[PDB]
Amino acid sequence: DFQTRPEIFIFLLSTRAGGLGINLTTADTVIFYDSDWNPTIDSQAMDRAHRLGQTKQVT
DNA sequence: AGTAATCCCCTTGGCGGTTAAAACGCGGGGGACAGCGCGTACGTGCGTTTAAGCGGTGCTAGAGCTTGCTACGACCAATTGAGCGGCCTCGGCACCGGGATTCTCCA
């Protein structure tokens, strides 16, 4: 759904269940409302956006 | 070593429908229940006798307790196969339909 249609603004996503898996490359912005103590997991989360096929500069 | 997210699983709850089971109406029948008469069978009282109960005497079986030990079960470590969990299939039992036999009830 999120990848299909640009009317959806925001994607709420838990850090561990949601950080690991598939591309989310029609986002452009990643907000850590809270940041994991293990920096790898925040890196995985950031790179669900910052990825091959990423549309725009990730902030 | 702790506490919280993640993920399996299994129980509870809701929605729809479909139809089979519960509820409702009504006539009548026959079974519940009150009433009657009799008669025989159980409670009562008496005289009879029978043996249960008590106080007393005698014996020995065997319940109850101690001693001594060795035969039998508790405990452990190594071995293995009998018994359990998972997968498969085919044949027994159900379920249906249809015609045959039985049973019931009013004539």
Side-chain angles (χ1 to χ4, degrees):
Chain A
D1 295 343
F2 177 79
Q3 285 281 60
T4 294
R5 56 206 177 90
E7 66 188 323
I8 304 158
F9 172 59
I10 173 165
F11 198 81
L12 304 190
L13 193 53
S14 187
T15 192
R16 281 137 190 269
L20 279 49
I22 176 172
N23 60 58
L24 289 171
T25 43
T26 63
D28 55 29
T29 304
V30 180
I31 307 180
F32 291 81
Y33 191 86
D34 193 0
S35 168
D36 206 298
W37 318 78
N38 178 359
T40 65
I41 292 173
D42 289 0
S43 309
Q44 296 149 25
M46 284 183 255
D47 294 294
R48 292 200 74 179
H50 195 277
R51 226 175 173 79
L52 182 50
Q54 173 51 16
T55 308
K56 303 203 303 280
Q57 171 61 68
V58 173
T59 55

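Below, chain A is the first sequence line, B the second, and so on; all start at residue 1.
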Worksheet item: Mind checking the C1' distance from B/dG28 to B/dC106? Whole angstroms is fine.
Response: 16 Å

Worksheet, complete the sentence: Across all chains, not counting sequence neighbours, the side-chain hydrogen bond (donor to acceptor under 3.5 Å, both in side chains) partners of A/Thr40 are A/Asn38

Discussion item. Both atom distances under 3.5 Å, Watson-Crick or G-U wobble: I'd like the secondary structure of DNA chain B as a dot-bracket string, with | for pairs made across strands.
Written reply: ...........................................................................................................

Worksheet item: P atom, B/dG13 versus B/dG17: distance in rounded Å?
Response: 23 Å

Discussion item. Rounded to whole Å, please give me the gap between CG in A/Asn38 and P in B/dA5.
Written reply: 16 Å

Worksheet entry | Any residue meeting side-chain contact (heavy atoms from CB on, under 4.5 Å) with A/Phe2, in chain and number order, not counting sequence neighbours | A/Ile8, A/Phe11, A/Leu24, A/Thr26, A/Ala27

Discussion item. A/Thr25: which residues meet the side-chain contact (heavy atoms from CB on, under 4.5 Å) condition with it, sequence neighbours left out?
Written reply: A/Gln3, A/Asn23, A/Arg51, A/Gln54

Item to complete: Using the P atoms only, state how far B/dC9 lies from B/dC87, rounded to an integer number of Å.
Response: 14 Å

Worksheet, complete the sentence: By side-chain contact (heavy atoms from CB on, under 4.5 Å), A/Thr29 pairs with (sequence neighbours left out) A/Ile31, A/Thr59

Discussion item. Taking the P atom in each of B/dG30 and B/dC105, what is the distance between them to the nearest angstrom?
Written reply: 10 Å

Item to complete: Rounded to whole angstrom, note down the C1' distance from B/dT89 over to B/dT11.
Response: 33 Å

Response to the item:
With sequence neighbours left out, the residues meeting side-chain contact (heavy atoms from CB on, under 4.5 Å) with A/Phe32 are A/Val30, A/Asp42, A/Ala45, A/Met46

Practice prompt. Starting at atom CG of A/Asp34, determine the distance to atom P of B/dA5, rounded to an integer number of angstrom.
Written response: 11 Å

Worksheet, complete the sentence: In this structure, NE2 of A/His50 is separated from CD of A/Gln44 (nearest 0.5 Å) by 15.5 Å

Fill in: Any residue meeting side-chain hydrogen bond (donor to acceptor under 3.5 Å, both in side chains) with A/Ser43, in chain and number order, not counting sequence neighbours
none

Worksheet item: Going by number, which of residues 11-20 of chain A have a non-hydrogen atom under 4.0 Å from DNA chain B?
Response: A/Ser14, A/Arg16, A/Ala17

Response to the item:
Residue pairs meeting salt bridge (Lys or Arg N to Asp or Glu O under 4.0 Å), one or both in residues 5-22 of chain A, sequence neighbours left out, come to A/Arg5-A/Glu7, A/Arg16-A/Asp36

